[PDB]
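Written out below as structure tokens is the structure these notes cover.
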Amino acid sequence: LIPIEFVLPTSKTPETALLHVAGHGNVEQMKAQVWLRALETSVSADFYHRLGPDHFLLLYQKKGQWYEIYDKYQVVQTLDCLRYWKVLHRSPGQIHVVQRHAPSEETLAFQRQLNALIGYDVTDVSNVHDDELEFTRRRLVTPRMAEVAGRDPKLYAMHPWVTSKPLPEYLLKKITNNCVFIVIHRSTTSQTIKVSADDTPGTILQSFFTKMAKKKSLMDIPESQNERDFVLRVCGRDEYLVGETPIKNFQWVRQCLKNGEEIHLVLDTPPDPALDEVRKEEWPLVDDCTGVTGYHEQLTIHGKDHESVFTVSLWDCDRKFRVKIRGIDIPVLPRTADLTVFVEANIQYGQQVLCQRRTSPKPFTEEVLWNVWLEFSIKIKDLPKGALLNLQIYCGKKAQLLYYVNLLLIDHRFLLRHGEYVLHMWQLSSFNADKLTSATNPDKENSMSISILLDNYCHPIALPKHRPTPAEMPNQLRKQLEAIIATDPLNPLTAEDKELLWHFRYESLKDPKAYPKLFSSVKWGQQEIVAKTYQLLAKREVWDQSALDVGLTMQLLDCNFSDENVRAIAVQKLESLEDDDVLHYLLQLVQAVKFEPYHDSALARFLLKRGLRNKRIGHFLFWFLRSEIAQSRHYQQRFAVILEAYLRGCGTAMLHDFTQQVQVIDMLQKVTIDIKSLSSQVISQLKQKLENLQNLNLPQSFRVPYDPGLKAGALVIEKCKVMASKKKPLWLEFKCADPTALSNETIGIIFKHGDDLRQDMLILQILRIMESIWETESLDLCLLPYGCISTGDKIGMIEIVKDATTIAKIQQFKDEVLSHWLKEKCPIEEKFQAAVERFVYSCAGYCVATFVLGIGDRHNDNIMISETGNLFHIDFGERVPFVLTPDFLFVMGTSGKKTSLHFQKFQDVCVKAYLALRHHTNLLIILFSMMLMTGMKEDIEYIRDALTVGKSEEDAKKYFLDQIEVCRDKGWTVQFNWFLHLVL
Amino acid sequence: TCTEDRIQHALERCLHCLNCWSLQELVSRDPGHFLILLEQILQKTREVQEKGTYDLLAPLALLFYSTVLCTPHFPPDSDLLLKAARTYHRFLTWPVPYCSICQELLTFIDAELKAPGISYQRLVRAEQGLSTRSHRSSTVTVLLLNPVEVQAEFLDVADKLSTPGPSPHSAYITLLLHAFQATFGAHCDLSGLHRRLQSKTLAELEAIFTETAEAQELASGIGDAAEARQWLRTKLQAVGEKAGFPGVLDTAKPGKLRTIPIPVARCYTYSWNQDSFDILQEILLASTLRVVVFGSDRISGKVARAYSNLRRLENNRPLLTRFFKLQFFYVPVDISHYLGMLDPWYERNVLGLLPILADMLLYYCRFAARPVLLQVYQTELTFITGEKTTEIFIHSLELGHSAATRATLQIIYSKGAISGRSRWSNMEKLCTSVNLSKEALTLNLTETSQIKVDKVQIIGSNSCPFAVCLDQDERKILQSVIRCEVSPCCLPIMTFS
Ligand SMILES: Nc1ncnc2c1ncn2[C@@H]1O[C@H](COP(=O)(O)OP(=O)(O)OP(=O)(O)O)[C@@H](O)[C@H]1O
């Protein structure tokens, strides 16, 4: 019997009891057993009588850290505390039975603020038939803690935005003789200095504080404080330039050089790290060994007698899987019609339906009862870890699906399901990301409910952990293998191809690019086949030193891969990405968490430590999770837990900043409501509300949602308005809150209600990623990717571009209007020529982008143009490659059949870009697919037939040139169609 | 062989009434049959485990119990117990109750293996009441039959059972014979043992039996099977030497094994004219107490009545429980149909119904173990005189002109659905007859229509006189009631599965 010392609460000094408990006795039994000992030994039996064994927590110290044994359905021998003690040679150990306490006022208060920010009460335990979520909240403390305590204070407060990529071609020129000029401002003295483009900010100061040492009186810098008591800062923004990096490897410097604007800096004091302090944790640390159950050699009945059997390994079972369907009951029949209905149950892994079943048709009345066993051909020992029991109701007189719901056959504990479950069914009004959801409908009032019985077992049926345990083919097969590894990602693998890949499994492993094809062939419905795969992955030195290819590392995080080890390596490969890289794929990692079948995974844990290490990832992470919670019922609870874990780590500084932004969003949502709910009176009412809102303690300064470095301040009420739109968006216009801004320009924003803007942040996150691609080739197609965001229930905060105008207005179809419009705005010939330069370098970028993505055909009314000639699209809600009306080419020097020195530089540029994308066909094909599913196969076939997957460069280089011409004939007819239906 | 082939065919007719009894009669001819039968039954168990079938695991578990208990001796060469233990050791993973059943069999095999014959002596010792002081136990069989309705055929069985054939002296002799043969096999001199024990007085027979019984119980608490049997053999051999017949045991010349049957139990009989079980309390003027109510179709309801009526009567006022631990057994001459659709094995043996029946009935009482709980509806009846009563009804309920001939009111009802979502309704109605027909119910309102209902409440109108009968009762009638609320709701009846 294992001896343990228990430090009983009450004494003159605390009293301790030494108890011998069974190694395989359960913890709950230990609670009762300890209780009896205290009653027998207590000096005050009344204290231990009134209390109960269920009102205490068992704490133990591990290297100065207190841990609590959260799980109660566990045997003593399995506890990590025993392991730790024996390694340190402690026996018997000490377990403190500390009385539980209720939450205090401050703790309840802090939880209240967090609940408001998240938009969901994480403490809710109503619509859950398991304890997964609460376990996740407790366990995710360990991630946070170390990252919170592993941060650099100064660099985390100032958060410099550096990059590592080399300068492109079109920016090396703009650094002449390896030099750059910086306009340093100090109070009223703004002087220019010249430094080398490979000098670190720590030096730019040294020289400055030496040159001006004699002239420091003019600068007004404090005399006592030296060149270390200051840091450069972007004037008009909260973007410091600190650290030890070249002054060319920042992101503000590279933006200015692209726009040809001098760099303006101001000396400032360092932000105090004391303003980022975090609340000390309230919860104790959950026990480390909680996700581990043991190997098949300890969970099996065989080799043991019935005396000592406590746990049964799943692989010992050999029976066909079986469930019992009792029936369904709709509180009120949605429609009275002569139709029959029948239930069906399926087992699934990813999108692979391993097996199905059905039941006899019966009339669709308000309550249907069957009480029938359905037995599946799959053996109970063949169930994989992420098995999903999918229950679906079909109708008929084909078969019209009505409802579906999902259950986890092996829950988060490695324990088969056993009991009676009543589940409420979602309603569908081929596949989607929402359909893989293990969440139950919260509408328990008018939603069908189905009752299932899964047989009970005398012992827990646990899933064991795999044990890591330890000529050339004919050229034809090797050549045939090479062909399969080298097809388009969407290309399927035939059964014969699967045998070749699975049979040749140790040959492909060494080839890093074959992984998403190797593991698509493994048969997951067989215990040994999965066992073979784990041995194969034991040694993966090739994939641990191969160049990171985000296209590949994204392929593995798709739906198909429902494994824990296949996904874990991909995420391990993502752990190389840099902050700049991370910020481009955020909204696509977040929207891919909808696929992890469990809550606490490596992807989700990765999303938070990167977040809590950088400020700019956290800011945008906050807003991307926040939108999903507020408008996606199927994944609210997973996302709520994730955000809460982060919000406790960011800090009091960013927490204040996240409060203020939420207030403004909520108040302005109310303002929208008023006007929308119900004609110059509309304008007058808006002014009253806006003036009242400013008087309604509107925050005097808040960071813009889509630009953390820009603090908008007091509103400007004479420029706000309500456009002539049925949705009536607010043309809000704020002003900067920084005195150091060098211009009095405002900050325009559009606050729109009545549409879902999750797509717009994607078709605008995709393009910005395409812009980086065309930068990997030192091309600068000049797109205009503006800011946009979705913050809640059909509300959006779009950014305003200064000096813009819609083409539908530059036409309010006369052909020559466009050219004369730009001439009027900039009659100066030099400016006009420079303007038409951009109108081409960006009329391609958009011809390309909206053709690759398949959204080229658009109405004239959704296109715009800035006064400097930059074209750009907006409102991302017979075909045409894109919108290339004659007016556009009219401005390039074209008419009829002519070719202008610009018309050719368009075609040249156009294609020169298309071919750049083809070099990343895999990435564009994984990101298209992910979008589609987790956004809104024949649909996804467009991104090949039009991205030229197959034919070679020349075959494409003439593909898109033929496309450019196709449009040249269309001219002004498609736009007709558009406006025609939109006016009819 | 011919005998082996015949046993297999017979064992089929019991896995598919008198057929099971015929199986026991055939296999009792010779000791060798039991071992042959054990293998054939065990072979069918393997097929189940290799196909996962469920409907044929309940029967096989019973037969195996029955047969091992009867079997006189297990030769050391044959280890059929080890084969059986391994076969059922791979059933722990099956769903409940199958895993639970086989876990008991494993415990049964362990006791037999480490101390052969322990099971049989335990059963008969309790039946005859001759339990030692160190371990006291008893089992009393008490029948309740009505000669007015029960046919004389069943009465004769009770008469024959009630006849006390075995005597306490004989029982000690028989048990000692079984204990020695079961361990020493044919090497024991059965005729020599029988003759020399007969001269022994009752006191010495009991004292010797006490020593042997204690040794077997201690043996079962030994670790290794081989050592446990060896320890028993040495102790049993020493007892024979001390008793004064060492040559009777361990005879070099093998003998012929004698099939020692199971002596009849201590059975009594009483006239069950009145369905109330007060008579059982009158018979008074943890050990078990076997109740064997007979039943008919009509008395089925009053059976249930008295049954549940006495059951909860004791739950609150326990009288018999202080002396026994009641266990009830129904025997058909409503409950029938109930067990007829829920326990097919009970259907073939008992529902299909010394003489054959006495042996069949004795088998039924000896190995039936699975409790059954019947469906009942609890009702609260409120009168106008400040008096309230609680009743239990299962069959049905009637009220009104139709009910009165056989022997406005506010109606509240609350149906519900499988999921736990319901629909309370307040639908008061005026009619000349209201009946509840039967889990849910289906109300009746001869205004005629019938409506599904789960929980109901009926309220009278200003002391309006009306007679209500429970389950078509002809004596217990409540008149001028003011309210009645009906809602759905150890000594349980016993079934084999
Ligand atoms: N990012 C932006 N910057 C500046 N102006 C913008 C921006 N996006 C849209 N606009 C202007 O807002 C108006 C379009 O608004 P929005 O995209 O909400 O269209 P809508 O009125 O809802 O659509 P519909 O054309 O279907 O009625 C046009 O005046 C367009 O110039």
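By order of appearance in the structure tokens: chains A, B, ..., then residues from 1 within every chain, and ligands from 1 in the order shown.
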
Kindly determine which residues of chain A lie within 8 Å of chain B, considering only C-alpha atoms, and give the answer as JSON, numbers by chain.
{"A": [301, 302, 305, 306, 312, 316, 317, 319, 320, 327, 328, 329, 331, 367, 422, 449, 450, 451, 455, 456, 457, 458, 459]}

Could you write out the selected residues, including C-alpha atoms, as a PDB file, in the first residue's frame?
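File written: again01.pdb
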```pdb
ATOM      1  CA  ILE A 301      -7.492  -7.643 -19.511  1.00  0.00           C
ATOM      2  CA  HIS A 302      -5.488 -10.439 -21.145  1.00  0.00           C
ATOM      3  CA  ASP A 305      -7.135 -12.200 -13.625  1.00  0.00           C
ATOM      4  CA  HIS A 306     -10.574 -10.803 -12.863  1.00  0.00           C
ATOM      5  CA  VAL A 312     -10.128  -2.333 -20.263  1.00  0.00           C
ATOM      6  CA  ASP A 316      -9.155  -5.691 -26.522  1.00  0.00           C
ATOM      7  CA  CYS A 317     -12.768  -5.291 -27.638  1.00  0.00           C
ATOM      8  CA  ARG A 319     -17.501  -6.485 -31.225  1.00  0.00           C
ATOM      9  CA  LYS A 320     -19.217  -4.717 -34.080  1.00  0.00           C
ATOM     10  CA  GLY A 327     -36.683   8.400 -31.637  1.00  0.00           C
ATOM     11  CA  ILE A 328     -37.181  12.103 -32.276  1.00  0.00           C
ATOM     12  CA  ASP A 329     -39.668  14.759 -31.175  1.00  0.00           C
ATOM     13  CA  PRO A 331     -42.356  20.410 -30.284  1.00  0.00           C
ATOM     14  CA  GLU A 367     -43.064  12.421 -32.190  1.00  0.00           C
ATOM     15  CA  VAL A 422     -30.500  13.362 -25.760  1.00  0.00           C
ATOM     16  CA  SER A 449     -34.160  16.159 -30.126  1.00  0.00           C
ATOM     17  CA  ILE A 450     -32.954  12.600 -30.701  1.00  0.00           C
ATOM     18  CA  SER A 451     -32.261   9.984 -28.025  1.00  0.00           C
ATOM     19  CA  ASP A 455     -24.123   0.377 -24.013  1.00  0.00           C
ATOM     20  CA  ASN A 456     -22.579   0.607 -20.553  1.00  0.00           C
ATOM     21  CA  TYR A 457     -19.473  -1.326 -19.537  1.00  0.00           C
ATOM     22  CA  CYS A 458     -18.361  -2.509 -16.116  1.00  0.00           C
ATOM     23  CA  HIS A 459     -14.963  -0.843 -16.612  1.00  0.00           C
TER      24      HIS A 459
END
```

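Those residues that approach segment 130-132 of chain A to within 12 Å, counting only C-alpha atoms, are residues 70, 71, 123, 124, 125, 126, 136, 137, 138, 139, 291, 407, 408, 411, 412, 413, 417, 421, 438, 439, 440, 597, 598, 599, 600, 637, 638 and 641 of chain A; same-chain residues fewer than 4 positions away are not listed.
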
Quick one: residues within 9 Å of residue 460 of chain B, only C-alpha atoms, excluding same-chain residues fewer than 2 positions away - as a PyMOL selection string?
chain B and resi 408-410+458+462-466+480-484

Selection to disk with C-alpha atoms, as a compact mmCIF listing (two decimals), in the first residue's frame:
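New file again.txt:
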```
# COMPACT_ATOMS: atom_id res chain seq x y z
CA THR B 408 -68.77 18.38 -14.34
CA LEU B 409 -65.31 17.21 -13.30
CA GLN B 410 -62.15 19.28 -13.75
CA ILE B 458 -59.41 14.99 -11.66
CA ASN B 462 -69.21 20.52 -4.87
CA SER B 463 -69.33 17.08 -3.27
CA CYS B 464 -70.84 15.53 -6.38
CA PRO B 465 -71.44 11.85 -5.52
CA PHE B 466 -69.61 9.37 -7.72
CA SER B 480 -68.29 11.03 -3.26
CA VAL B 481 -64.59 11.74 -3.75
CA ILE B 482 -63.47 15.30 -4.38
CA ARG B 483 -60.05 14.79 -6.01
CA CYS B 484 -57.84 12.08 -7.52
```

Could you check how far atom CA of residue 309 of chain A sits from atom CA of residue 59 of chain B, in Å to one decimal?
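Atom-to-atom, atom CA of residue 309 of chain A and atom CA of residue 59 of chain B are spaced 25.6 Å apart.
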
Enumerate as a ChimeraX atom specification all residues of segment 593-825 of chain A assigned to helix (DSSP H, G or I) by DSSP on the backbone, naming them with the chain letters and numbers the document uses.
/A:593-595,602-613,615-631,633-650,652-677,681-695,765-776,807-810,817-825

Can you tell me which residues surround residue 548 of chain A at a distance of at most 12 Å, considering only C-alpha atoms, apart from same-chain residues fewer than 6 positions away, and format the answer as a PDB file with C-alpha atoms, in the first residue's frame?
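This is the output file out25.pdb:
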```pdb
ATOM      1  CA  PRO A 512       9.252  16.308 -47.499  1.00  0.00           C
ATOM      2  CA  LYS A 513       6.877  17.381 -50.272  1.00  0.00           C
ATOM      3  CA  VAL A 542      14.210  14.961 -43.152  1.00  0.00           C
ATOM      4  CA  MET A 554      -1.104  24.480 -44.519  1.00  0.00           C
ATOM      5  CA  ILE A 569       4.278  18.174 -36.915  1.00  0.00           C
ATOM      6  CA  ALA A 570       2.685  20.719 -39.267  1.00  0.00           C
ATOM      7  CA  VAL A 571       2.186  23.065 -36.307  1.00  0.00           C
ATOM      8  CA  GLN A 572       5.748  22.314 -35.236  1.00  0.00           C
ATOM      9  CA  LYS A 573       6.828  23.468 -38.692  1.00  0.00           C
ATOM     10  CA  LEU A 574       4.706  26.616 -38.318  1.00  0.00           C
ATOM     11  CA  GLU A 575       6.731  27.341 -35.213  1.00  0.00           C
ATOM     12  CA  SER A 576       9.358  28.809 -37.522  1.00  0.00           C
ATOM     13  CA  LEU A 577       7.270  31.593 -39.093  1.00  0.00           C
ATOM     14  CA  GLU A 578       8.220  35.164 -38.198  1.00  0.00           C
ATOM     15  CA  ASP A 581       4.794  35.983 -41.806  1.00  0.00           C
TER      16      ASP A 581
END
```

With ligand 1 as the partner and 6 Å as the cut-off, tabulate the residues of chain A that qualify, each row holding the nearest pair of atoms and their distance in Å to one decimal, using only C-alpha atoms and all ligand atoms, sorted by chain and rising number, as a tab-separated table.
```
residue	atom	partner	partner_atom_place_in_ligand_line	distance
A:725	CA	ligand 1	21 (O)	4.5
A:727	CA	ligand 1	22 (O)	5.9
A:786	CA	ligand 1	1 (N)	5.9
A:798	CA	ligand 1	1 (N)	5.7
A:799	CA	ligand 1	1 (N)	4.8
A:800	CA	ligand 1	3 (N)	3.3
A:801	CA	ligand 1	3 (N)	4.2
A:805	CA	ligand 1	31 (O)	5.8
A:806	CA	ligand 1	31 (O)	5.1
A:874	CA	ligand 1	8 (N)	5.5
A:875	CA	ligand 1	17 (O)	4.2
```

Residues of the last selection are to be written out with C-alpha atoms, as a short mmCIF file (atom, residue, chain, number, x, y, z; two decimals), in the first residue's frame.
```
data_model
loop_
_atom_site.label_atom_id
_atom_site.label_comp_id
_atom_site.auth_asym_id
_atom_site.auth_seq_id
_atom_site.Cartn_x
_atom_site.Cartn_y
_atom_site.Cartn_z
CA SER A 725 -27.70 53.63 -49.18
CA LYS A 727 -28.18 50.15 -45.32
CA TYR A 786 -7.72 49.05 -47.63
CA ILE A 798 -14.34 49.86 -43.07
CA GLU A 799 -11.49 52.31 -43.65
CA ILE A 800 -11.94 55.40 -45.82
CA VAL A 801 -9.46 56.24 -48.58
CA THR A 805 -14.37 58.47 -56.32
CA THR A 806 -16.46 55.67 -57.77
CA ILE A 874 -14.80 47.60 -53.04
CA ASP A 875 -17.85 45.84 -51.60
#
```

Based on the backbone DSSP call, show me all residues of segment 48-213 of chain B assigned strand (DSSP E), as a list in words.
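Taking segment 48-213 of chain B and keeping strand (DSSP E) gives residues 139, 140, 141, 142, 143 and 144 of chain B.
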